[PDB]
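Fold and contact review
Spelled out from the first residue to the last, the chains are:
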Amino acid sequence: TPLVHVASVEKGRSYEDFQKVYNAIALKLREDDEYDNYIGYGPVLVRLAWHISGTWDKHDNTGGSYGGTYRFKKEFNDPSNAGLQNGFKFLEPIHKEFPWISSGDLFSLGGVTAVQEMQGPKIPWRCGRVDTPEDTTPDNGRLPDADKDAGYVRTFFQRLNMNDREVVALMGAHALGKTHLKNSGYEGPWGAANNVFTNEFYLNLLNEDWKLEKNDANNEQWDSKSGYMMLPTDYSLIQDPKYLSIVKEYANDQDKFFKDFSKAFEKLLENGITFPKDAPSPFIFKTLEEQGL
Ligand code: HEM
C-alpha cells in the first residue's frame, strides 16, 4: 500500500567513511565564513536538511529524506525552497569528493554537521538512504506557510507524525540564520547569536516586546525594538497554551531543549525509512574540535 523504503548501506562503507564526509563539510563550514554577512552556511544547511525531510506524508509514505529528490528540478525549484540552492552549491564539491554517498545521506548529514559544528547537541545519524528516480519526486506545496496560527502548525506537523513537544523543539532551530526578503518575503534574524545553537529563540519569544508590522513584501511579521523578528507561525507558539508551556520550559532549560531537539531532528530525518535489524546503529560523529582538526 504505502511505499516501503528500506535503508541500504552504501556498499562497503563504515563509520570512518562517513566521519570523513562530516569532516569535509565541517572544514568547508569553517573556511567559507563570509556567507550571508559572516553568518556562515551552517543555518542554510540546517534548513536544507529540514526541507528535504519535510515533504514526507505519513499517509502513503511518499516524500521524506530517503530519495534525495531535492536533486530533481521539480523539488529544487519549489518556491518554498527558495534560497536552498546555496546549501546545494556548498555541498556539490563535497559530493564530487565522496561520490559513493547517496544524496539523501549527504543532504541530511549536512544538517547534522551544521548543528554540531554550531555547538548544538550531538544528533545520532543513520546512513542507508538510496537515490530514487526522478518520478518519486514529491509535488510542491508540502512545506508549511509562515503566515498561519498554532492550529495550522499542529495540523501540519501531524502529517510528519510530530506532537506538540516535537514541534516546539524543532522550531527552536529558528535561533539560526535569518529571513531574507528575496527568499521568503520576510526580513530579519530571530536573535543575536545566529550561528551558535542555543535556546535564544525561546528567550526572545518570551522577553521581547513584539510589534505586529507589515514588511516591504507586504507580509506581517512581529518586530522587536532589538531588531529581531518572529514569523506568525513562530509567534503562534505563545498564543497556544499547550505550546507556550513548552516554550517556557525551553527558555528555562537549554539542556532539556537540546535533548528534545536531538530526538526530534533525528526522527524528522528518518521519517519514512525502514531500518532492517542488521543495519548499523546510528552513528555519532565527532566534531572537528573533538578530533583536534
Ligand atoms: C512552521 C514551520 C516553519 C516555517 C513556516 C518556517 C519558515 C521559514 C522561513 C519563511 C524561513 C526564511 C527563509 C529565507 O528567507 O531565507 C526559514 C528559515 C529557516 N528555517 Fe524555518 N520554518 C519552519 C520550521 C523550521 C524547522 C522545523 C527548522 C529546522 C528544524 C527550520 C530551520 C530554519 C533555519 C535554520 C532557517 C534559517 C536559514 C537561513 O538563514 O538561510 N525551520 N524558515
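The deposited coordinates, according to the entry record, derive from X-ray crystallography at 2.2 Å resolution.

If you check the PDB entry, the protein chain appears there as YEAST CYTOCHROME C PEROXIDASE from Saccharomyces cerevisiae. We quote the UniProt Subunit comment for the protein chain here in full: "Forms a one-to-one complex with cytochrome c." Per its UniProt entry, the protein chain bears the Sequence similarities comment "Belongs to the peroxidase family. Cytochrome c peroxidase subfamily."

**Some words on the UniProt feature "active site" in the protein chain**
According to UniProt, the positions carrying the feature "active site" are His51 and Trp190. Within the secondary structure layout, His51 lies in helix α3 (residues 42–53). You can call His51 buried: its relative accessible area is 7%. In this view, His51 contacts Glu75, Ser80, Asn81, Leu84 and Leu143; residues no more than four positions away in its chain are not counted. Look past the residues within four positions of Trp190 in its chain and what remains in contact with it is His174, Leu176, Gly177, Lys178, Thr179, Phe201, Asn204, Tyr228, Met229, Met230, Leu231 and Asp234.

**Regarding the coordination of the iron atom of the ligand**
Only one protein atom coordinates the iron atom of the ligand: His174 (NE2), located 2.1 Å from the metal. Tracing the sequence through the fold places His174 in the loop between α8 (164–171) and β1 (178–179).

**Focus on the side chain of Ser103**
Within the fold, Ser103 resides in helix α6 (residues 103–117). Among residues more than four places away in sequence, those in contact with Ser103 are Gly68, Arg71, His95 and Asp131.

**What about the pattern of salt bridges?**
A side chain with one charge can pair with a side chain of the opposite charge if their charged atoms come near. Scanning all chains against the criterion turns up 17 salt bridges. With a closest N to O distance of 2.9 Å, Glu166 and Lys267 form a salt bridge. Residue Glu166 is located in helix α8, and its partner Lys267 is located in helix α13 (residues 254–270); the two are separated by 101 residues in the primary sequence. In this structure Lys267 comes out as partly exposed when scored by relative accessible area, which is 23%. Here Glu290 ties to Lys286 by a salt bridge, and the two come within 3.9 Å at their closest N and O atoms. Relative accessible area serves as the criterion here: at 35%, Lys286 is assigned to the partly exposed category. The network of salt bridges with common partners includes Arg154, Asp164, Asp240 and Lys242.

Reading the values: the criteria
Residues numbered from 1 in each chain as written, not as in the entry; some residues may be left out. Heavy atoms only, no water. Residues with missing side-chain atoms left out of burial classes, pairs and counts. UniProt positions renumbered as here; feature names shortened; annotations may be inferred. Helix = DSSP H or I, 4+ residues; strand = E, 2+ residues; numbered from the N terminus. Buried < 20%, exposed > 50% of the residue type's maximum accessible area, 1.4 Å probe, protein only. Contact = heavy atoms within 4.5 Å. Donors = N, O, S within 2.8 Å, 3.2 Å for Na, K, Ca; no water. Salt bridge = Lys/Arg side-chain N within 4 Å of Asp/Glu carboxyl O.

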